[PDB]
Amino acid sequence: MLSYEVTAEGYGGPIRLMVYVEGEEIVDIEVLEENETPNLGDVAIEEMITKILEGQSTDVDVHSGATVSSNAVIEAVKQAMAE
């Protein structure tokens, strides 16, 4: 099982995730660092990790108040899933 650290540019500055892969199964995604806007961006991240793990897919909807945080997570995970 592969273990990649990915970083993409969020709304409040870069975010850093740990993505865990097993074949093409996304096993997990931990947040190592985010400094997004409390009660908005941090929430969008938790939500997007949930969507992606449940959906086993990065073709999922943004959290609508927070497209920039949402796309950061989508983009970070797209990077890890091309390996």
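How charged is the neighbourhood of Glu83? Take every other residue with its Cβ under 15 Å from the Cβ of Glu83, and add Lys/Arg as +1 and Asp/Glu as -1.
Details: positive: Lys78; negative: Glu5, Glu22, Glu24, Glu25, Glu75.
Net charge in that neighbourhood comes out at -4.
Counting pairs of alpha carbon atoms under 8 Å apart in space and at least six apart in sequence, what relative contact order in percent does the range 2-81 give?
32
Using only the alpha-carbon atoms, how far is helix 67-80 inclined from the longest principal axis of the chain? Give it as 0 to 90 degrees, nearest 10.
Computed tilt is about 20 degrees.
Could you check how many percent of all C-alpha pairs in the range 2-81 are farther apart than 14 Å?
Working: 1669 of 3160 pairs.
Roughly 53 percent, rounded to a whole number.
Give the long-range amide H neighbours of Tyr11: residues separated by 5 or more places, or on another chain, with amide H under 5 Å away, using H modelled in the peptide plane at 1.01 Å from N.
Amide H neighbours of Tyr11: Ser69.
Count charges around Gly13 for me, please; just the other residues with Cβ under 10 Å from its Cβ, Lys/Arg as +1, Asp/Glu as -1. All intermediate terms of the calculation are to be shown ahead of the outcome.
On the way: positive: none; negative: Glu9, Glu33, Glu34, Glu36.
Neighbour charge sum, excluding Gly13 itself: -4.
Here, each number is a calculation from the coordinates, and none is a lab measurement. FYI the Cβ positions are ideal-geometry reconstructions off the backbone, even for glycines, and counts take in every protein chain you see.
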